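Listed below are the residues making up each chain.
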Amino acid sequence: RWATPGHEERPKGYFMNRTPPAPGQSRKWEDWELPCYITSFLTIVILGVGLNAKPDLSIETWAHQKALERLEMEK
Amino acid sequence: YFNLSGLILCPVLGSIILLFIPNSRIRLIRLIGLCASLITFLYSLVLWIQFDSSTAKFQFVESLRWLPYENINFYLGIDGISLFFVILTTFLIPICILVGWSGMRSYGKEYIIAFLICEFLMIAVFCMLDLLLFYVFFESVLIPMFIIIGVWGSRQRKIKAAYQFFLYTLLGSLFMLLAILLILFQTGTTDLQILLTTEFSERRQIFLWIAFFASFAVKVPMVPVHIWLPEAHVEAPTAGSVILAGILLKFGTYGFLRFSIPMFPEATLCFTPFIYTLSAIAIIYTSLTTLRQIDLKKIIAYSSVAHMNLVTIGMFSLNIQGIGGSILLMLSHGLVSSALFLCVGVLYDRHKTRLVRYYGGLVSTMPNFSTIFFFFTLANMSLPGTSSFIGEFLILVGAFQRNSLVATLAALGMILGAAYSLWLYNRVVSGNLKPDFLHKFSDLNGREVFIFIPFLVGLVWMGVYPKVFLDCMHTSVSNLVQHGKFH
Amino acid sequence: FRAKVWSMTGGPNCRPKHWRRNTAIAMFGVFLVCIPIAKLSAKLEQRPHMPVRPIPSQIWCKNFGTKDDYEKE
Amino acid sequence: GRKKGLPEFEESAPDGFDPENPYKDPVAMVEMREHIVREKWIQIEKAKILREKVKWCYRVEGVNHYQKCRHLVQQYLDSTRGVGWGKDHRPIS
Amino acid sequence: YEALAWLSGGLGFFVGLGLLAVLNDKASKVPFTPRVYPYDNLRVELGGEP
Amino acid sequence: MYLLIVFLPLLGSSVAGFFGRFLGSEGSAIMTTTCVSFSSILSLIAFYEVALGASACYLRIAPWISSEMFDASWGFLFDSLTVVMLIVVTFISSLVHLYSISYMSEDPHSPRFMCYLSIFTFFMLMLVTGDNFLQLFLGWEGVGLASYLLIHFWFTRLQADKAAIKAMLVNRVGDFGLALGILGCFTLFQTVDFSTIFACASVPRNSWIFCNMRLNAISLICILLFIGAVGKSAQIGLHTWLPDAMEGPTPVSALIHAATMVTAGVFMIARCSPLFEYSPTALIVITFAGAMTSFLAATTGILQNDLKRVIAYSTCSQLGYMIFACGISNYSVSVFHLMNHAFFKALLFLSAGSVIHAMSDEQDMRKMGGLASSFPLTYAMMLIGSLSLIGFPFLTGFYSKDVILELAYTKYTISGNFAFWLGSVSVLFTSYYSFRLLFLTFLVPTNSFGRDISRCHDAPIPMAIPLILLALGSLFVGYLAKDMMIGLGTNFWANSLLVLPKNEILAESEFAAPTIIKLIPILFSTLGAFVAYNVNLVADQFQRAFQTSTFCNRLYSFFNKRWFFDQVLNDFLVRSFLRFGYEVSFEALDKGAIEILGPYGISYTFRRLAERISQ
Amino acid sequence: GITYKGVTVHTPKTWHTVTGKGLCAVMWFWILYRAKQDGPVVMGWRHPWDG
Amino acid sequence: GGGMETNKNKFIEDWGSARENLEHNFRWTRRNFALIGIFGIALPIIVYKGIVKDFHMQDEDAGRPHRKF
Ligand SMILES: CCCCCCCCCCCCCCCCCC(=O)O[C@@H](COC(=O)CCCCCCCCCCCCCCC)COP(=O)(O)OCC[N+](C)(C)C
Ligand SMILES: CCCCCCCCCCCCCCCCCCCC(=O)O[C@H](COC(=O)CCCCCCCCCCCCCC)COP(=O)(O)OCCN
């Protein structure tokens with residue numbers, strides 16, 4: 001049974017139970033979708049190029065450099 | 001110059017615009033409310049960009065006079081701890097708007113008024129350094145939650161549910177107010193920076209610590225007083241009930257961090273075993289009570305009670321890692337419990353039973369809901385790889401380093417967490433399908449599918465890489481642990 | 001009633017007609033994203049030991065025999 | 001409004017704080033409190049760096065790690081006596 | 001409740017046979033001597049001081 | 001390259017689960033199995049470049065928990081010990097994947113099965129390659145999660161649901177000890193990594209303050225770690241789950257019940273070798289528990305009359321043997337028996353599944369009789385596997401059981417002699433019920449029904465190649481690995497396994513053998529063969545059914561109900577917990593007792609005080 | 001396989017009998033092969049490797 | 001058959017909204033006194049004593065005198 005074509009014209013079930021419209025027209029986005037989608041994109045970009053733009057200043061890297069230049073003073 | 005003033009003004013403008021909008025224009029009310037909430041969320045996120053996690057002192061502060069002699073005044077600001085709570089508060093509310101989006105016609109515009117009012121109200125709580133006004137906004141959240149529970153409650157028995165949630169809060173609130181009066185009359189002001197630098201009397205320390213504990217033991221469910229949360233929490237709308245365990249439950253627990261631990265260094269040490277002997281038996285008793293439960297909402301609330309009693313152990317165990325783990329666990333719980341109540345409320349909005357007996361075999365249908373529910377149960381199941389486990393592992397580490405006995409009882413909590421949550425999952429969405437009761441039912445559409453996406457991504461992000469959350473607040477936790485003593 | 005539910009992981013007997021075409025894409029999809037895992041790992045796998053015999057991993061790796069001392073970490 | 005480099009607050013000592021009367025100069029007590037943690041994090045970090053020293057020593061030497069890392073094992077065990085706030089033996093800082 | 005009566009006997013055999021291994025004292029029945037290493041039982045390569 | 005060993009099964013599982021509708025029931029079967037086979041080839045390459053080309057590989061991806069001096073990282077430890085288990089897990093996982101595609105061709109929800117299998121493969125790869133306790137803990141919990149998911153593969157099946165739930169609770173109670181162990185060892189070293197504690201793990205010699213009284217520190221840590229390994233090795237403490245775990249599909253059971261999750265608890269001890277040897281107290285209790293569990297399982301399996309149930313007790317007996325091997329500082333025979341076991345019990349599991357699903361899905365001994373001549377292939381396979389199981393002289397299983405029993409005899413400690421006695425008397429039981437399995441099936445008149453025999457169909461070719469590979473393995477691997485890894489000081493382990501100078505008894509385990517004890521377990525094996533053949537083939541007129549008055553039916557029930565553990569433990573612990581969670585906590589603590597302050601407690605109090613105040 | 005009064009057994013395929021026989025004969029030969037070369041190891045008589 | 005809601009069986013409604021209010025039953029009885037005095041005043045006291053004893057033993061090992069608490 002590794003050569004016969006499948007007996008399925010389309011994957012069963014509807015994605016989010018939303019019945020596709022007649023062919024040719026769009027999905028008719030809902031009122032909440034557009035602001036929520038643009039805010040999701042803004043969140044993604046802010047957390048992407050904002051988090052990996054903040055200088056690494058903390059109590060960890062400052063202490064790291066300080067102890068790296070202070071453990072070497074054993075004499 | 002994205003300061004804290006705008007973060008509080010924006011929800012106020014959103015509420016004010018909504019007040020003068022006709023009820024007929026239901027299209028505009030929801031759109032503008034959601035837009036205001038999302039703008040507030042982005043304005044909170046941008047603060048994380050300019051946080052400057054280096055200084056021990058406080059971040060952006062706004063000072064507004066409140067008394068003729070500038071004795072006490074509105075003094076804003078975050079240090080390292082309330083920042084994440086502000087972000088999560090600004091993030092949960094748009095989810096509240098989205099979950100109650102379809103049925104807004106019956107709710108009206110008054111539904112969004114209460115939510116936005118509580119929104120900037122809880123925003124003004126976390127970033128409020130002045131001690132007294134912290135109490136003013138700490139109990140200001142009574143009215144919005146009272147209204148949400150009562151006006152849009154599910155069943156008719158909501159009348160008795162709200163009374164407990166109110167009066168239990170008022171008792172502790174006024175008990176704290178007396179301590180605030182004693183502190184102000186003794187010291188002279190209530191500004192946090194000064195009041196942390198005042199030599200107190202040991203006999204006075206114990207009484208004031210008890211007075212603060214009078215209310216802070218009600219917000220976090222303790223053994224003597226935890227009846228209000230289940231009764232007044234099963235009987236609230238899903239959009240509203242998702243922040244009783246979301247932000248309304250983190251006031252007292254976080255209030256311990258800001259107004260109890262550095263405030264009374266010599267009293268928390270003397271009262272440490274009492275908190276241990278309360279929370280350790282709470283995590284056992286509440287967890288056992290959870291097993292013999294039938295309502296779908298109450299089990300999640302009891303699991304939340306157990307999680308808060310667990311985080312209380314790790315908070316009073318003064319460790320640089322204990323407090324950080326407490327904050328991580330509180331954020332993770334705010335995510336997972338919110339997700340779980342949405343998951344158990346989407347079932348109610350379709351069938352309206354709230355009984356595990358009727359539910360069964362929900363894997364043969366609505367599989368996406370089953371997958372989401374399984375993921376959030378695993379998150380509540382305390383598995384490594386999710387943000388929770390990072391949460392309670394540090395709690396256990398901090399407790400064991402101080403006391404060996406308390407750690408074993410606390411870990412009994414995560415042992416017993418597999419007895420009720422997994423049983424609920426296998427008894428709701430993995431049983432034998434029964435067509436007698438659930439004749440017909442749909443699956444999640446595009447709204448609730450997108451609702452869980454931020455929850456899932458934040459859960460995984462803070463579970464596999466919690467570095468940024470710990471990176472942003474190592475200075476503040478270090479300053480909080482080292483206080484009063486000099487060794 | 002099985003056709004009504006989506007069953008995101010596939011239905012019970014989900015047998016698409018062009019399943020071979022999708023499997024070819026899926027296998028190609030794994031390979032194309034597997035290269036970044038292999039490429040990013042080349043800057044890793046520090047093994048200070050030198051094997052007694054040559055292995056075939058010297059072409060894409062250089063983190064062996066270099067991290068000898070432990071006084072400048 | 002900062003330089004692109006790592007910040008440096010102060011290193012020598014806070015002059016205002018007097019141990020005999022800890023609550024005498026509130027302005028300088030917070031400086032002492034923050035200086036304590038900013039100096040204890042240095043010890044924590046050097047403990048971490050010596051931990052990685054030991055870890056790479058065990059990862060290089062082989063079976064003879066009971067006689068070629070004892071000079072670092074004794075430098076680790078004594079560094080955990082007063083590191084951070086982790087065990088009831090608080091360091092005498 | 002009758003099962004607990006069988007439970008005591010079932011584990012009793014294990015511990016009872018465990019005690020019997022004490023009544024024979026196979027420790028003193030070794031046919032050889034304790035193992036010895038050079039250099040103070042390999043003191044340098046097991047710790048101590050160089 | 002080394003990241004491809006671990007991440008490819010996860011990637012295959014994720015893509016199969018997310019796009020199980022884009023790929024048919026065979027697309028995922030040929031895709032996930034191909035990815036797992038590629039991972040197996042990568043593991044073989046790593047074994048060639050590490051085990052023989054002795055140079056361990058080390059790495060660190062990113063910091064997981066970057067708190068203060070609690071450095072948690074995503075690094076892995078590609079060590080000589082680890083790569084052997086890489087081979088063991090990858091080869092068996094790929095063979096099981098090939099095995100399942102034939103079995104699951106009729107089971108509807110096919111792609112979900114390979115999705116779960118690949119999740120398990122990824123989790124245990126993460127566990128074995130791990131180098132930090134907490135980062136090993138995610139694999140430890142993920143193995144249990146995948147075990148639950150796979151036993152819960154049949155959501156309709158009520159028995160599977162209860163079995164899965166009980167397995168999760170008992171495994172949680174088990175690894176409670178290990179979970180305590182991570183932070184127990186952390187409070188003495190202020191670190192969680194492996195390379196920084198195995199460097200100096202003998203220095204600490206202080207005590208602690210536990211719940212009741214002050215005890216030792218290292219010994220307590222090792223005790224906690226062993227209690228954690230109890231949950232994932234079905235020891236005397238909590239072994240309620242494995243006997244009831246075979247309520248799900250068969251191909252997974254060849255991978256979860258007898259091949260790999262078997263290795264988790266023993267590999268806990270094996271990985272942390274230079275921690276238990278410095279805690280002699282923990283070693284002795286480990287030996288006691290291992291011997292007790294091995295004997296208990298060996299005498300448990302004999303009465304049961306099911307294919308999967310009895311062999312689960314054989315697996316538990318091997319668990320006890322391996323736990324003892326890890327309890328006497330003789331970890332060499334532990335890993336050697338692990339490698340042998342993953343062959344000669346996975347093979348038997350595949351054979352049992354092949355004969356079960358080809359006989360109208362029946363797994364019984366009382367009902368099914370003999371059909372050996374109907375098909376010789378998988379019976380020859382299972383006969384080879386059984387011969388390895390008893391450890392016939394000069395076979396794969398002999399080279400492990402013989403040496404482990406000799407090591408048990410040599411050590412004269414109070415636990416060595418007792419556990420050697422227990423192992424010697426358990427050899428008789430294991431050789432008895434193994435041949436009982438060989439005899440009650442395929443060597444008796446057929447007692448089955450007349451419809452199932454007509455509907456007979458042998459093992460398909462794709463499911464027979466894994467059996468062929470396992471048969472080829474567990475006939476030469478024992479001879480090939482006897483010299484190279486247990487050879488009196490073989491130089492490939494390096495730091496992977498460390499044995500203290502004091503407790504090193506290997507040379508006198510071979511050159512001081514009395515020759516009257518080394519070859520005795522073969523004598524118990526042949527005696528068990530004789531008695532089993534006599535009872536189950538000829539002398540069964542009275543030796544089979546005992547219709548006496550008393551003390552003989554109860555003897556039957558005592559071992560059938562496995563020492564009433566499922567009865568006494570249930571009623572006295574979980575039934576009591578469920579009773580007192582409703583009649584104590586919900587009665588005299590919160591609801592009813594202190595509720596005299598909420599509704600109907602003070603509400604009626606102010607319906608009298610406030611009333612008599614207007615007048 | 002020929003059909004009877006209830007047992008209409010199907011004969012095993014060509015490769016499900018000869019493969020089994022020719023693979024089991026290997027193990028049967030290997031038992032004696034290891035009992036001859038390395039056989040003298042564990043018997044108590046004639047210890048090999050310079051003995 | 002067009003009702004998405006449950007049928008709300010009569011025998012299940014009482015079972016549901018009976019355990020929700022147990023104040024009437026759990027007011028005054030003999031077993032309640034024993035249960036409360038053995039699991040709300042007894043166990044918390046025992047565990048508190050255990051915790052303070054553990055703190056005292058930790059103090060003694062370090063040598064510092066135990067705090068009054
Ligand atoms: C320790 C936590 C780690 C992170 C958690 C994720 C680990 C996997 C957890 C999910 C595993 C799958 C469990 C899904 C629920 C099982 C029951 C169920 O609802 O099945 C659904 C869902 O099916 C699935 O199993 C989907 C699996 C999706 C999960 C794939 C992701 C797993 C890998 C991610 C791990 C994280 C990777 C690391 C990230 C950095 C549909 O199955 P059907 O075959 O269609 O049968 C239903 C019957 N009927 C057809 C009639 C409707
Ligand atoms: C189904 C479609 C869903 C689409 C989502 C994406 C699809 C993939 C989903 C899989 C899950 C991925 C989740 C992200 C995992 C990231 C793990 C590593 C993150 C990390 O620690 O590195 C940070 C990267 O910053 C970053 O850029 C991180 C950006 C992550 C954005 C996620 C936005 C979620 C917002 C949720 C808010 C919830 C609030 C709750 C409090 C900075 O690390 P660093 O400091 O070391 O910098 C380095 C300077 N040298």
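Residues numbered from 1 in each chain as written, not as in the entry; some residues may be left out. Chains lettered and ligands numbered in written order. Part of a larger assembly, values for the part shown. Heavy atoms only, no water.

- If you check the header, you'll see the entry was determined by cryo-EM and the resolution is listed as 3.53 Å.

## As for the packing of aromatic side chains
Here is step 1 of the chain: According to the stated counting rule, one finds 91 aromatic pairs over all chains in the structure shown.
Here is step 2 of the chain: With centroids separated by 4.2 Å and ring planes inclined at 25°, the aromatic side chains of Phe134 of chain B and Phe259 of chain B adopt a geometry described as stacked. With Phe134 of chain B in helix α6 (residues 131–140) and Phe259 of chain B in helix α13 (residues 250–259), this residue pair connects regions lying 125 residues apart in the sequence.
Here is step 3 of the chain: Note that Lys352 of chain B overlies the ring of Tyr348 of chain B, its terminal NZ or CZ placed 6.0 Å from the centroid.
Here is step 4 of the chain: The ring centre of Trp140 of chain F lies 4.1 Å from the NZ or CZ of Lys232 of chain F, which sits over that ring. (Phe/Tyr/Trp six-rings, centres within 6.5 Å; stacked < 30°, edge-to-face > 60°. Helix = DSSP H or I, 4+ residues; strand = E, 2+ residues; numbered from the N terminus. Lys NZ or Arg CZ within 6 Å of the ring centre and 35° of its normal.)

## Here's the deal with the packing of helix α19 (residues 387–402) of chain B against helix α6 (residues 158–189) of chain F
Here is step 1 of the chain: Closest axis-to-axis distance for the α19 of chain B/α6 of chain F pair is 10 Å, and the angle between their directions is 50°. Relative to α6 of chain F, the element α19 of chain B lies oblique. Crossing of α19 of chain B against α6 of chain F: the hand is right-handed. Residues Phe393, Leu396, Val397, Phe400 and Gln401 of chain B of α19 of chain B pack against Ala179, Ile182, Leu183, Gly184, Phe186 and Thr187 of chain F of α6 of chain F.
Here is step 2 of the chain: Looking at the contact of α19 of chain B with α6 of chain F residue by residue, the classes come out as eight nonpolar, three polar and no charged. (Axes fitted to C-alpha atoms, helices over the stretch in contact; angles between N-to-C directions. Parallel < 35°, antiparallel > 145°, perpendicular 65-115°, else oblique. Left-handed = near helix turned anticlockwise from the far one by under 90°. Contact = heavy atoms within 4.5 Å. Nonpolar A, V, L, I, M, F, W, Y, C, P; charged D, E, K, R; others polar.)

## Describing the site of ligand 2
Here is step 1 of the chain: Within the structure, ligand 2 sits among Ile44, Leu47, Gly48, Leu51 and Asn52 of chain A together with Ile453, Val457, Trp461, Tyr465, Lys467 and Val468 of chain B.
Here is step 2 of the chain: More than one chain approaches ligand 2, the contributing ones being chains A and B.
Here is step 3 of the chain: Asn52 of chain A places a polar side-chain atom, nitrogen or oxygen, 3.2 Å from an oxygen atom of ligand 2.
Here is step 4 of the chain: Separating an oxygen atom of ligand 2 from a side-chain N or O atom of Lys467 of chain B is a distance of 2.8 Å.
Here is step 5 of the chain: For ligand 2, the accessible surface in isolation is 1,200 Å², of which the surrounding protein chains cover 59%.
Here is step 6 of the chain: Elements supplying a minimum of two residues to the shell around ligand 2: α1 (33–49) of chain A together with α21 (446–464) and α22 (467–471) of chain B.
Here is step 7 of the chain: Taken together, the residues that form the shell around ligand 2 break down as eight nonpolar, two polar and one charged. (Near = heavy atom within 4 Å. Polar contact = N/O pair within 3.5 Å; in protein donor to acceptor, adjacent residues only side chain to side chain. Areas by Shrake-Rupley, 256 points an atom, 1.4 Å probe, with all protein chains shown as cover.)

## Here's the deal with the interface of chain F and chain B
Here is step 1 of the chain: Of the residues lining the interface, 50 residues belong to chain F; the matching set on chain B comes to 56 residues.
Here is step 2 of the chain: Summed over both sides, the interface between chain F and chain B buries roughly 4,700 Å², with carbon and sulfur atoms accounting for 74% of that surface.
Here is step 3 of the chain: On the chain F side of the contact with chain B, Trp64, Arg172 and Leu183 of chain F bury the most area, a combined 14% of that side's loss.
Here is step 4 of the chain: Seen at the junction of chain F and chain B, the total is zero salt bridges.
Here is step 5 of the chain: Linking chain F to chain B there are 13 residue pairs in polar contact.
Here is step 6 of the chain: Here the side of chain F that touches chain B gets 15 residues from one element, more than from any other, and that element is α6 of chain F.
Here is step 7 of the chain: Split by residue class, the side of chain F that touches chain B holds 34 nonpolar, eight polar and eight charged. (Buried area = accessible area lost by both parts, 1.4 Å probe. Salt bridge = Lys/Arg side-chain N within 4 Å of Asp/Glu carboxyl O.)

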